[PDB]
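Chemist: so I pulled this structure from the PDB, and the sequence comes with it:
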Number of protein chains: 4
Amino acid sequence: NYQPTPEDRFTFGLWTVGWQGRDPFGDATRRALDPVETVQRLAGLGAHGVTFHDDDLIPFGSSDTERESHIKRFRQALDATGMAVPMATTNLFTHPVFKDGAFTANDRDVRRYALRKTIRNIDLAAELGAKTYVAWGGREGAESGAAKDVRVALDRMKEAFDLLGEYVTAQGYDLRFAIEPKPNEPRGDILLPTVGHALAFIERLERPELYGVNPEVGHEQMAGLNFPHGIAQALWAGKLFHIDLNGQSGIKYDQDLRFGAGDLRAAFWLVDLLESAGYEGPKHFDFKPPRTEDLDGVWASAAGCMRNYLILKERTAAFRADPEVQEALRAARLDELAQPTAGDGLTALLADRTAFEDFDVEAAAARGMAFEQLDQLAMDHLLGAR
Amino acid sequence: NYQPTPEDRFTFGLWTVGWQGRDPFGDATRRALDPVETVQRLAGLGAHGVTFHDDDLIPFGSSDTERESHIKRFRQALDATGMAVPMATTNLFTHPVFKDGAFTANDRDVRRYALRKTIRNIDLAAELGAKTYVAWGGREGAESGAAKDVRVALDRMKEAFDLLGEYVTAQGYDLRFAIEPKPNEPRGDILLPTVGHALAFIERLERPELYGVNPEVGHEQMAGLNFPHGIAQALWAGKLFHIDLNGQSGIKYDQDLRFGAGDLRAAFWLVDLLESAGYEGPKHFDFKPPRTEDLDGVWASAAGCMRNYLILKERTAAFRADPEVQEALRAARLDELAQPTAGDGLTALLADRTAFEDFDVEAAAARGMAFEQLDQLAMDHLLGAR
Amino acid sequence: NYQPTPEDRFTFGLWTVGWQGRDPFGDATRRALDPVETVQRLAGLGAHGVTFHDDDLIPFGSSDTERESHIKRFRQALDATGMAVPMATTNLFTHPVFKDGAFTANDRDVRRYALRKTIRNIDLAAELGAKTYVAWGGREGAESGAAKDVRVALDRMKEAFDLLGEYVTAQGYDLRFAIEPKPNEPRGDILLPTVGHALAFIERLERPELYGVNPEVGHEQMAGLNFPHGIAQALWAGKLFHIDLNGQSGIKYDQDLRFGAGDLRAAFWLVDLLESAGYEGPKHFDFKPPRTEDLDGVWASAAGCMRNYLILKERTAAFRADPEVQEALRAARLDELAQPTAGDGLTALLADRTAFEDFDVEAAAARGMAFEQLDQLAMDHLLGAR
Amino acid sequence: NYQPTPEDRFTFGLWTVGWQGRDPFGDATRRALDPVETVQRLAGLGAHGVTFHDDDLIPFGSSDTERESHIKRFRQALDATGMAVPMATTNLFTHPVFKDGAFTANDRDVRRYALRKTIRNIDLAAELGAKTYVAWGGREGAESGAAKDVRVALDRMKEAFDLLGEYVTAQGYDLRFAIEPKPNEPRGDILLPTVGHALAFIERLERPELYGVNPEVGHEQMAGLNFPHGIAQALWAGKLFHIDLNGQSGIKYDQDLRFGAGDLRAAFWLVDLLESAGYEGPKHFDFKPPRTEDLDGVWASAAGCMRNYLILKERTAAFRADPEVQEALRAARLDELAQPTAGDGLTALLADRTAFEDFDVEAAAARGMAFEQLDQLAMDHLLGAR
Ligand SMILES: [Mg+2]
Ligand SMILES: [Mg+2]
Ligand SMILES: [Mg+2]
Ligand SMILES: [Mg+2]
Ligand SMILES: [Mg+2]
Ligand SMILES: [Mg+2]
Ligand SMILES: [Mg+2]
Ligand SMILES: [Mg+2]
């Protein structure tokens, strides 16, 4: 059985299964969903919780009276189901006012409203229990080269994040922020386009420890990059506070496909890394069930997300448990890459003649890497052909 | 006249015009070049200096006797011509021993030799006058997911860089390091794949002030990204210690085309940024004159690099000098993006009702950005159609 | 003053200037437009005419009576402004019924509703005077491998285009069909993804003379292909019945930027080929005025498209008439490419010893191609630097 | 034990296992191989045969006498191992003389040397028993816009393929031609960039029955295209004369990875289509054993290719025979896609009111497609989880 138990820590966004199918060239094919219904039906599927946008839970223009009730209805649903809200975020992209940006919009009033919209939802995620607030600067970018000065916009993004962290520190909320990076769509080019680009911005902030990254599979495969390597660098820096799982079939529009689909081998490697690294955070799914589907094909696609990750857990664990693989990893000197290069020091490395004058480049170049053998061992494990 | 004077600070690599035309599917079409000849012929073209690889100046396997003379011949050429050597680097990719890596190779002896090869050329760049040493980890990557643990390899890259900075600090060399980032080719995926990815690694080093980035146009256009935005973030962090200029015609093999070719509009924006920012460093050209050309088409392609940048200097300066553009930039509230969002503070932003309750999202959303007008003003300036 | 006149045959879509700004992450930012408004304003901007989808002119569900009023309004505007309707097409993508395809939908009733919607608007184009009917299978395609047997779907695409030629041939209309190819978006992979792919599909039709291509610049650049080259092969086959001009900044989503932006050099080589071949057809812009813009920005974008085209007409003509260029071309032996390779015959080539035995292969290979000097001449002719 | 036998018709290139590791940034890492060595070793690995370039078997410049000895050696090996030579091709890319193209080179003497080199090796293939001759115009293309008039170059490609069909038709050989399309590398843009582009070129030939396609998986995936779809259109046109199996990790350089790697799901859908269509031709691997590997790694890569294929043969067959899948397909109405859209005729469809007036468009659009349940059934059939 590859069934999900809330111990698997699988989370979905209200907007995932809720996607009504309105694409750029077509209209909606599915009706709108209730947040309460989604929490309930996602619970019988084995999920651990749900994440949300402000605009997903509280309609825009809603009075405070309507707001409190939309929340009370949602909390009674989470309480009665057992669901969690590990993460929250702000729609700072859908409304026409967020056309040129939110935090980096050329118009100051817009910037100032984006901050107020976000601070309000931060307050909500605090009382609901969320430990991470994600930010996706989807509109923070341009289609022309003189419409935004990146240098000056990175100043307005720093300000906003450092203001949002001055509020969390003042309030005493147990929240840490996570930047979701995308290279294009909805804007032509987005600011902070990669995991590395956001990881750098963080170290230029005032309280860099409150900020981290929320990487998405297809957001990096949209740029031709290896998401597992990106997760590795963010792990290597301690800045994987959240992750978004899905599928992407090339360098094209953001498909937001179910996990496992797209590049299957890269999903095998992703599960290998997270499980070797001990990722104890939410495994969040940001997929858009295709507009050709109905509500039954919506829940089927959310169960496949969970089933596919679980099948990969079993295949990636069986792969590292295999003595044949463990011997092949040793054949490929992966054990010797964890050995420090110059623990003797620079002075003693500079006196090693065996590291230069008495080194046989030619014997060493003749040494094969045995990488092809290790890789077919992986493919047969992924396939269950062992 | 769009002629280059050594005040333009144009530099080329010995390997650029020296490229003999050996591609993956074909053999060389051009003969090898002498370093001395290249310095001389690049000097009559108006260049300011030349950069070099160890293996470009000193053949591999060369005795110390041969080495000193290859250098003495090169220095007499630079002295007699007036050429500069602003930057140097190490071939840690061509030799078969660097197949799986140099600094992050699974085999420790290889790692230890890569360091010794680099420390030797560092010494040379010191005495020659170079102020930047560039590192291109072209082989630091994989084609399979179990052949390299990125987390452990980033540990071996940190060690090597922190060892190379322990040597520069001990020797007292006026050198700062620059990481050249590439996403793929020669390996399937390379470690530190973007400018952001390298900018992050730097802030995880022990002496982060000695390290910076050397971005290349086509290395970022290979990933679908906007090189001007990348230069902006690196500028915004003070970590543009060097730059590599060329052309790339899409997400494909590294074409290393002349500057101006490829995405011409992005080269207009690149020159705009560097000149607005006051880049006072070397404008280095990393182009491979096509293998269909002869030595006369080699020097023509190096003169076009310089001519194209100069034509763009004149068009980007005329664009920002135009009152019509200056009015359009004000129409697009680019002046208002340099205004801080909440200089009144968080407390006063939280008390501004005009930033939330009394804000007319609808009037603000109705406001157009006038970005299309500013952009045609740029296109007509680039074209000289004003 | 590169100013357009109706004699330039610049057309436009009603959905181009009409785009309201709705993208997959954002609501509409602009109001809907009345076709009579579009006709009149683009007639003051120098256009030759407009084009349309069925549901752009007659709202979906409209009764016959409402239908005829909408046409009569439109026609009154055309006749008053002198603007013609050179091409028509059908919306087979916006409605949910089309979510798995129109002619290739897995359900037969939808495939029949498509042809009928279509034939209904082919009559209308015959009345309005259109000479080309364009078809774009944006919904013909898939995101999954067992959702569409492409081979069976092509039999359904053949059936439809062949039923559509039987109807035109029976009613005696002076209309020809053109296929707009696109590689992806809205579907994961779209059937007939390139200009070539549909050139081949056309040859498998019963009446292959009624069918050509509507290439769109951005569509080929979403697969990393050379648009001038593909147009060359449609010009060679004789199947360039219509052209759709826009702009694209690489392999991403269909940005539908205004013509000239994206890759200026590609636009430079398209206007060369188009004007050296005598494309007497309509120069059609299928752009999307960016959602950051108001209606004044919108009309400024349509102006840019036509201005940008006419500048390139001025610089490609000057290029091909430059005596320096006409000498560079003879040096690159582009005159000899026009000489038949073997006008003497097979038996004569096989008897020739100068084509094998006595051919000096090392001399031919030492001859340069002089391609870089030619290209710098074209770069300076594009930028007004000659 | 998914173990290959010659009855599986798995062929190989001599340049595949022969690759020495030379890439554009690196020297050779492996020694050259003797064709007799390759024939024998791949005969112990379960292959049906090998393929070859002219210069892979007869060194360039070889005298007729040296020529005949090389053939006789090779043939002795073939006859001893039972391994056949199913396809031959010509190297028209490695020598400098081919740097601007072979059949489309701007110089006529090179265009004639090409056809003669070629015809020389077409004789050889007729002797060795080959039934397909493949042509790959890796050098036919350009990096500049005025270096090649594509329309005139296509007239030179037509001339050549038509002179080549006149020679085969005169000598009575049981050989057919196949075009290997590739989008880029070694040239900036290669002519006939896709499967479709050459399907159309073939139709413009005098004897269009002697010409099919040699699609390569990685070549289409270097343009972001679906290889199973393109093969479907070659199977539909009847022009799939040969297939080249490898692996590719997205839009980058031709990695020529071993089959199975890159996108496993694409390989899963290719083996489905190939085995459901009855492709009786040779299953040819055009991979490049990575330069990180020794000769034992090399032979392990050829084994992987054939093993990976046979596993997919096991899982696509089980998929299409699963009774659960055969019910999912009927639910996705893939049976109705096989029903003609309008077997009743045009006049009967136009009389039908149930195809317009009385069609319930909102019901059809509310019906789901059940595409996600089908695909999870194919994901679990691929991974052995059903
Ligand atoms: Mg997404
Ligand atoms: Mg997300
Ligand atoms: Mg480069
Ligand atoms: Mg470089
Ligand atoms: Mg388009
Ligand atoms: Mg179009
Ligand atoms: Mg290949
Ligand atoms: Mg091949």
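Modeler: Structure received. Numbers count the residues shown, from 1 in each chain, chains lettered A, B, ... in the order given. Ligands and ions are numbered 1, 2, ... in the order given.
Chemist: is any part of the longest helix seen in chain A close to chain C?
Modeler: Secondary structure of chain A per DSSP state H: the longest helix is helix A:295-321. No. Judged by Cβ under 8 Å from any Cβ of the partner chain, helix A:295-321 and chain C are separated, with a smallest distance of 10.9 Å. From N, CA and C alone the C-beta is placed, and that goes for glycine too.
Chemist: which positions within that helix qualify as buried?
Modeler: Residues of helix A:295-321 classed as buried by neighbour count (16 or more other Cβ atoms under 10 Å in any protein chain shown): A:297-313, A:315-316, A:319.
Chemist: what does stretch A:258-267 give?
Modeler: In stretch A:258-267, counting by 16+ other Cβ under 10 Å, buried: A:258-267.
Chemist: for the residues you listed, which one is nearest residue B:11?
Modeler: Among the buried residues of stretch A:258-267, residue A:266 lies closest to residue B:11 (Cβ to Cβ), at 39.1 Å.
Chemist: mind listing the strands for chain A?
Modeler: A:10-13, A:49-53, A:87-89, A:132-136, A:141-142, A:176-180, A:189-190, A:211-213, A:243-245, A:283-285 (DSSP state E).
Chemist: for the closest residue to ligand 1 within the stretch 1-150 of chain A, give me its contacts.
Modeler: Of all residues in the stretch 1-150 of chain A, residue A:136 sits closest to ligand 1, at 8.0 Å by Cβ to the ion. The contact partners of residue A:136, by Cβ atoms under 8 Å, 6 or more residues apart in numbering or on different chains, come to A:89, A:92-93, A:180, A:182, A:214.
Chemist: roughly how far apart are the residue of the stretch 251-386 of chain A found nearest ligand 8 and chain B?
Modeler: The minimum distance from the stretch 251-386 of chain A to ligand 8, using Cβ to the ion, falls at residue A:372 (19.7 Å). Computed as Cβ to the nearest Cβ, to the nearest Å, the residue A:372 to chain B distance reads 8 Å.
Chemist: walk me through the domains of chain A.
Modeler: Domain ranges of chain A: A:6-317, A:323-383, per automatic domain parsing.
Chemist: deepest of the ones you listed, which one?
Modeler: domain A:6-317 (a mean of 21; mean count of other Cβ atoms under 10 Å in any protein chain shown).
Chemist: do that one and ligand 5 meet at all?
Modeler: No. Using Cβ under 5 Å from the ion, domain A:6-317 never reaches ligand 5; the gap is at least 9.4 Å.
Chemist: measure that domain end to end?
Modeler: End-to-end distance of domain A:6-317 (Cα to Cα, to the nearest Å): 20 Å.
Chemist: again, but for stretch A:49-66
Modeler: Start-to-end, stretch A:49-66 (Cα to Cα) is 24 Å.
Chemist: cool, stretch A:358-373 as well?
Modeler: End-to-end for stretch A:358-373, by Cα to Cα: 31 Å.
Chemist: that one vs chain D: in contact?
Modeler: Yes. Applying Cβ under 8 Å from any Cβ, one finds stretch A:358-373 touching chain D at A:365-373.
Chemist: name the surrounding residues that touch that stretch.
Modeler: For stretch A:358-373, the external contacting residues (Cβ under 8 Å, 6+ apart) are A:328, A:331-333, B:95-97, B:99-100, B:106-107, B:109-110, B:113, B:142-144, B:146-147, D:29, D:258, D:289-290, D:292-294, D:296-298, D:300-301, D:304.
Chemist: any idea how far that stretch is from the middle of the chain?
Modeler: Offset of stretch A:358-373 from its chain centre (Cα atoms, centre = their mean, to the nearest Å): 38 Å.
Chemist: on that earlier part again, can you flag which of the residues of stretch A:358-373 next to chain D belong to helices?
Modeler: A:365-366, A:371-373.
Chemist: closest to residue D:16 out of the residues you listed?
Modeler: Minimum distance to residue D:16 across these is 13.3 Å, recorded for residue A:372 (Cβ to Cβ).
Chemist: from ligand 2, how far off is residue A:120?
Modeler: 21 Å (Cβ to the ion, to the nearest Å).
Chemist: again, but for residue A:73
Modeler: For residue A:73, the distance to ligand 2 - Cβ to the ion - is 25 Å.
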